[PDB]
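Asks: Supplied structure: my_file.txt, compact mmCIF, C-alpha atoms.
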```
# COMPACT_ATOMS: atom_id res chain seq x y z
CA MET E 1 -0.74 47.66 -36.11
CA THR E 2 -1.37 45.17 -33.22
CA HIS E 3 1.90 43.66 -31.80
CA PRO E 4 1.86 40.02 -30.40
CA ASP E 5 4.33 39.46 -27.48
CA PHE E 6 2.45 36.19 -26.83
CA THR E 7 2.83 32.86 -28.69
CA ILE E 8 0.65 29.77 -27.98
CA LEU E 9 1.74 26.14 -28.57
CA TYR E 10 -1.13 23.63 -29.00
CA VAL E 11 -0.81 20.52 -26.69
CA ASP E 12 -3.00 17.40 -26.17
CA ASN E 13 -2.77 16.46 -22.42
CA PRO E 14 -2.34 19.75 -20.32
CA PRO E 15 -0.88 18.12 -16.96
CA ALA E 16 2.04 16.21 -18.61
CA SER E 17 2.74 18.84 -21.30
CA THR E 18 2.73 21.78 -18.83
CA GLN E 19 5.24 20.13 -16.42
CA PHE E 20 7.26 19.32 -19.58
CA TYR E 21 7.46 23.07 -20.51
CA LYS E 22 8.12 23.91 -16.80
CA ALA E 23 11.56 22.20 -16.85
CA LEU E 24 12.03 22.69 -20.69
CA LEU E 25 12.00 26.52 -20.52
CA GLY E 26 12.68 26.79 -16.76
CA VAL E 27 9.37 28.55 -15.88
CA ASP E 28 6.17 27.95 -13.78
CA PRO E 29 2.53 28.47 -15.11
CA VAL E 30 1.30 31.79 -13.59
CA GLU E 31 -2.17 30.92 -15.01
CA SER E 32 -3.56 27.38 -15.52
CA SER E 33 -6.88 25.64 -16.30
CA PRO E 34 -8.15 21.92 -16.68
CA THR E 35 -7.73 22.34 -20.52
CA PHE E 36 -5.21 25.31 -20.73
CA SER E 37 -1.95 26.76 -19.29
CA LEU E 38 -0.09 30.11 -19.37
CA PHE E 39 3.43 31.15 -18.22
CA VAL E 40 5.11 34.57 -18.76
CA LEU E 41 8.93 34.70 -19.18
CA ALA E 42 11.42 37.18 -17.56
CA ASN E 43 12.61 37.69 -21.20
CA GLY E 44 9.57 40.05 -21.57
CA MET E 45 7.65 37.51 -23.74
CA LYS E 46 4.55 35.36 -23.01
CA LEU E 47 3.87 31.64 -23.80
CA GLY E 48 0.57 29.65 -23.71
CA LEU E 49 -0.35 25.95 -23.92
CA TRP E 50 -3.84 25.62 -25.52
CA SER E 51 -5.30 22.09 -25.62
CA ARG E 52 -6.20 21.11 -29.24
CA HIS E 53 -9.51 19.45 -28.11
CA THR E 54 -10.77 22.97 -27.07
CA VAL E 55 -8.90 25.17 -29.65
CA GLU E 56 -10.97 27.57 -31.86
CA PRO E 57 -10.91 26.97 -34.83
CA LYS E 58 -11.03 23.24 -33.80
CA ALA E 59 -8.02 21.34 -35.26
CA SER E 60 -6.95 17.78 -34.28
CA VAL E 61 -3.25 18.15 -35.27
CA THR E 62 0.13 17.62 -33.52
CA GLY E 63 3.45 18.52 -35.28
CA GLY E 64 1.77 20.35 -38.20
CA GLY E 65 3.43 23.62 -37.19
CA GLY E 66 4.37 26.05 -34.42
CA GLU E 67 8.11 26.64 -33.94
CA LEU E 68 9.72 27.72 -30.62
CA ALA E 69 13.18 29.24 -31.23
CA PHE E 70 15.51 28.84 -28.18
CA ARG E 71 18.30 31.41 -28.64
CA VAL E 72 21.74 30.63 -27.19
CA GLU E 73 25.14 32.42 -27.25
CA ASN E 74 26.95 29.72 -29.39
CA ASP E 75 27.04 26.20 -30.91
CA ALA E 76 28.11 24.41 -27.68
CA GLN E 77 25.04 25.77 -25.79
CA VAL E 78 22.91 24.22 -28.62
CA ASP E 79 24.48 20.77 -27.90
CA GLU E 80 23.97 21.18 -24.10
CA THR E 81 20.27 21.89 -24.76
CA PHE E 82 20.22 18.86 -27.18
CA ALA E 83 21.44 16.27 -24.64
CA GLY E 84 19.43 17.73 -21.73
CA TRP E 85 16.10 17.40 -23.64
CA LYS E 86 17.17 13.92 -24.89
CA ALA E 87 17.68 12.75 -21.27
CA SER E 88 14.40 14.52 -20.28
CA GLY E 89 12.38 12.42 -22.81
CA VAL E 90 12.06 14.45 -26.05
CA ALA E 91 11.36 12.47 -29.32
CA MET E 92 14.16 14.39 -31.17
CA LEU E 93 14.05 13.81 -35.01
CA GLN E 94 16.57 16.24 -36.65
CA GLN E 95 20.37 16.49 -37.06
CA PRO E 96 21.84 19.68 -35.35
CA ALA E 97 23.52 21.09 -38.53
CA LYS E 98 25.31 24.29 -39.63
CA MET E 99 22.66 26.24 -41.65
CA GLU E 100 23.03 29.65 -43.45
CA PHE E 101 21.49 31.38 -40.36
CA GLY E 102 23.90 29.51 -38.02
CA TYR E 103 24.13 26.21 -36.09
CA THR E 104 20.45 25.14 -35.96
CA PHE E 105 18.75 22.26 -34.17
CA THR E 106 15.04 21.37 -33.98
CA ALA E 107 13.39 18.83 -31.63
CA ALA E 108 9.90 17.32 -31.36
CA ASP E 109 8.35 16.68 -27.92
CA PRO E 110 5.53 14.04 -27.07
CA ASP E 111 2.94 16.57 -28.49
CA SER E 112 5.40 17.37 -31.33
CA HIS E 113 6.31 21.08 -31.65
CA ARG E 114 9.34 22.26 -33.70
CA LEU E 115 11.65 23.36 -30.81
CA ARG E 116 14.40 25.27 -32.71
CA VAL E 117 17.66 25.83 -30.72
CA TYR E 118 20.13 27.86 -32.86
CA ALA E 119 23.46 29.72 -32.67
CA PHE E 120 23.39 32.72 -35.06
CA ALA E 121 26.40 33.15 -37.40
CA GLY E 122 27.20 36.90 -37.28
CA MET V 1 16.58 25.67 -18.47
CA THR V 2 16.79 27.41 -21.91
CA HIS V 3 14.23 30.27 -22.31
CA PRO V 4 12.80 31.05 -25.86
CA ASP V 5 11.95 34.79 -26.41
CA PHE V 6 11.73 33.94 -30.13
CA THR V 7 8.79 32.32 -31.99
CA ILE V 8 8.90 31.37 -35.72
CA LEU V 9 5.82 31.14 -38.01
CA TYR V 10 6.27 28.95 -41.12
CA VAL V 11 5.27 30.73 -44.42
CA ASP V 12 5.28 29.62 -48.10
CA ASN V 13 6.17 32.74 -50.22
CA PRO V 14 8.60 35.03 -48.15
CA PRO V 15 8.06 38.44 -50.17
CA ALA V 16 4.22 38.56 -49.87
CA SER V 17 4.06 36.98 -46.38
CA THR V 18 6.76 39.29 -44.92
CA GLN V 19 5.07 42.52 -46.14
CA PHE V 20 1.85 40.99 -44.74
CA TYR V 21 3.42 40.70 -41.22
CA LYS V 22 5.00 44.20 -41.68
CA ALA V 23 1.56 45.93 -41.62
CA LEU V 24 -0.11 43.08 -39.54
CA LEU V 25 2.14 43.57 -36.47
CA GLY V 26 3.40 47.07 -37.40
CA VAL V 27 7.11 46.10 -37.70
CA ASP V 28 9.93 45.96 -40.35
CA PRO V 29 12.25 42.88 -40.95
CA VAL V 30 15.64 43.74 -39.32
CA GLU V 31 17.00 40.54 -40.97
CA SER V 32 15.79 39.01 -44.26
CA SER V 33 16.84 36.34 -46.79
CA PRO V 34 15.49 34.94 -50.22
CA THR V 35 13.80 32.08 -48.22
CA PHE V 36 13.60 33.60 -44.65
CA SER V 37 12.71 36.76 -42.63
CA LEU V 38 13.25 38.06 -39.06
CA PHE V 39 11.80 41.08 -37.17
CA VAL V 40 12.31 41.91 -33.45
CA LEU V 41 9.49 43.73 -31.57
CA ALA V 42 9.81 46.70 -29.10
CA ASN V 43 7.72 44.43 -26.78
CA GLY V 44 11.05 42.63 -26.00
CA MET V 45 10.07 39.54 -28.05
CA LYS V 46 11.37 38.19 -31.41
CA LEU V 47 9.42 36.80 -34.44
CA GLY V 48 10.68 34.82 -37.50
CA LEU V 49 9.17 33.78 -40.84
CA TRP V 50 10.78 30.47 -41.97
CA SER V 51 9.79 29.23 -45.45
CA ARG V 52 8.36 25.65 -45.22
CA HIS V 53 10.25 24.56 -48.43
CA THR V 54 13.56 25.04 -46.47
CA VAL V 55 12.39 24.19 -42.88
CA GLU V 56 14.29 21.44 -40.95
CA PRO V 57 12.65 18.99 -40.26
CA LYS V 58 11.07 19.40 -43.77
CA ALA V 59 7.24 19.72 -43.50
CA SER V 60 4.88 20.78 -46.35
CA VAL V 61 2.06 22.07 -44.10
CA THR V 62 0.09 25.37 -43.78
CA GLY V 63 -2.50 25.88 -40.96
CA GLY V 64 -1.51 22.70 -39.05
CA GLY V 65 -0.42 24.77 -36.04
CA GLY V 66 1.44 27.82 -34.71
CA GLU V 67 -0.68 30.38 -32.85
CA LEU V 68 0.17 34.12 -32.55
CA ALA V 69 -1.69 35.70 -29.62
CA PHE V 70 -2.28 39.48 -30.13
CA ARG V 71 -3.00 40.92 -26.66
CA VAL V 72 -5.28 43.97 -26.42
CA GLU V 73 -6.71 46.00 -23.48
CA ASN V 74 -10.42 45.01 -24.12
CA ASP V 75 -13.11 43.47 -26.38
CA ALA V 76 -13.50 46.55 -28.63
CA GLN V 77 -9.77 46.51 -29.55
CA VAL V 78 -10.32 42.83 -30.64
CA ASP V 79 -13.09 43.99 -33.07
CA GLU V 80 -10.88 46.85 -34.42
CA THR V 81 -8.13 44.30 -35.15
CA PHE V 82 -10.83 41.99 -36.72
CA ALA V 83 -12.09 44.52 -39.32
CA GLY V 84 -8.60 45.92 -40.08
CA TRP V 85 -7.23 42.45 -41.02
CA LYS V 86 -10.47 41.69 -42.94
CA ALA V 87 -9.97 44.83 -45.09
CA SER V 88 -6.22 43.97 -45.39
CA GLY V 89 -7.04 40.56 -47.01
CA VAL V 90 -7.02 37.91 -44.22
CA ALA V 91 -9.03 34.64 -44.88
CA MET V 92 -10.72 34.86 -41.41
CA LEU V 93 -12.59 31.61 -40.46
CA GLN V 94 -13.69 31.91 -36.77
CA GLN V 95 -16.43 33.74 -34.80
CA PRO V 96 -14.95 36.27 -32.22
CA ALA V 97 -16.69 34.74 -29.14
CA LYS V 98 -16.63 35.15 -25.32
CA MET V 99 -14.50 32.19 -24.04
CA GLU V 100 -13.60 31.24 -20.41
CA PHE V 101 -10.23 33.08 -20.84
CA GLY V 102 -12.00 36.18 -22.25
CA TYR V 103 -13.21 37.58 -25.61
CA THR V 104 -11.14 35.52 -28.09
CA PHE V 105 -10.81 35.75 -31.86
CA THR V 106 -8.59 33.73 -34.23
CA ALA V 107 -7.86 34.50 -37.91
CA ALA V 108 -6.11 32.61 -40.73
CA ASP V 109 -3.92 34.49 -43.24
CA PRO V 110 -3.05 33.36 -46.92
CA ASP V 111 -0.37 30.98 -45.40
CA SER V 112 -2.87 30.11 -42.60
CA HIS V 113 -1.56 30.71 -39.05
CA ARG V 114 -3.92 30.86 -36.01
CA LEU V 115 -3.72 34.63 -35.24
CA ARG V 116 -5.38 34.79 -31.79
CA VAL V 117 -6.58 38.32 -30.73
CA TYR V 118 -8.07 38.14 -27.19
CA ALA V 119 -9.32 40.35 -24.32
CA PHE V 120 -8.59 38.63 -20.97
CA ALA V 121 -11.58 38.55 -18.53
CA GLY V 122 -9.71 39.23 -15.27
```
Take the structure in the file and give it back as structure tokens.
Replies:
Amino acid sequence: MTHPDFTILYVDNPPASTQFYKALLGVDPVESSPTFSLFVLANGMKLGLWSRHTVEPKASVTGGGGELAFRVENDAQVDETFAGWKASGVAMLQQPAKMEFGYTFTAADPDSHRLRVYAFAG
Amino acid sequence: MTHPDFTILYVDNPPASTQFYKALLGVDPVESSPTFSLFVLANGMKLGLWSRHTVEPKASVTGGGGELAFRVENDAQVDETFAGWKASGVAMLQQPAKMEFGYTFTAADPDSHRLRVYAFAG
């Protein structure tokens, strides 16, 4: 009954991780705190960064879950996003491969979130 | 540079978990597969269910991360969403408490995702 237009990705060190998402997405944090961050996209969606040392329920995890799907028009735009992140200092452990749902790619940043850039086959 | 209006939450058993999100959010899966699901919200956002047995990179985890922030007008609407989920068979391990960012509450479903219903103080 309640609709979430807001997704939160759990980070460790707010300063470095927030500047990382600033250039990663191409946004600026409208709201920010010593242990939290918030930016709202012109897409009509909303995206948080909640530090895991202050998350409730308290969970010391990085890379356990949370997937951020970056939608692009086609397979070439996936590869542009690949190389740009790679040069921008993403860990990057996954082969960009043609899946059933289309050309999918998933990265892992310093704080390790599954950043899923895909091109839908339809 | 690339903006994600799409967030994916990693589930174990697609049938049961997809019907769970159907009533949870109040949506129907526009796209669906034997090991995947996809529904797009009238909020202007997009939400996937990717089964962890077919996720790339492959990760057998549930409750490690991924946070779904359900935004409501005030603290009472948080408590309505609390009891409704509770009656609908959510695990629910967190006290709905007044945080710095407002009245926050976080649930965990059968597949265990941090479902964050909050009322922003400001």
Asks: Tell me which protein, DNA and RNA residues are within 7 Å of range 64-81 of chain V, counting only C-alpha atoms, leaving out same-chain ones fewer than 5 positions away, and put them as a ChimeraX atom specification.
Replies: /E:2-4,6-9,61,64-67 /V:9,103,113-119
Asks: Between V:101, V:86, V:24, V:109, single out the one closest to chain E, counting all atoms listed in the file.
Replies: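 Smallest distance to chain E is found for V:24.
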Asks: Mind pulling up the distance from CA of residue 51 in chain E to CA of residue 12 in chain E?
Replies: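 Going from CA of residue 12 in chain E over to CA of residue 51 in chain E covers 5.3 Å.
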Asks: Between CA of residue 122 in chain V and CA of residue 100 in chain V, what distance in Å does the model show, to one decimal?
Replies: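 These two atoms are separated by 10.3 Å.
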Asks: For the atom pair CA of residue 108 in chain V and CA of residue 92 in chain E, what is the interatomic distance in Å to one decimal place?
Replies: 28.9 Å
Asks: With all atoms listed in the file as the atoms that count, which of E:47, E:83, E:91, E:16 lies nearest to chain V?
Replies: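 That would be E:47, the residue with the smallest distance to chain V.
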Asks: Could you name the residues that touch range 44-46 of chain V at 8 Å or less, counting all atoms listed in the file, but leaving out those on the same chain fewer than 2 positions away, as a list in words?
Replies: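 Within the cut-off, the hits are residues 5, 43, 44 and 45 of chain E; 5, 6, 7, 38, 39, 40, 41, 42 and 48 of chain V.
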Asks: With a distance cut-off of 9 Å and only C-alpha atoms, select the neighbouring residues of residue 19 in chain E, excluding the residue or stretch itself and same-chain residues fewer than 4 positions from it, and output the selection as a PyMOL selection string.
Replies: chain E and resi 14-15+23-24+28-29
Asks: Could those residues be written to a file, using C-alpha atoms, as a CSV table (one decimal), in the coordinates of the input?
Replies:
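again-v6.csv written:
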```csv
chain,number,residue,atom,x,y,z
E,14,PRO,CA,-2.3,19.8,-20.3
E,15,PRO,CA,-0.9,18.1,-17.0
E,23,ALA,CA,11.6,22.2,-16.8
E,24,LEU,CA,12.0,22.7,-20.7
E,28,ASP,CA,6.2,28.0,-13.8
E,29,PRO,CA,2.5,28.5,-15.1
```
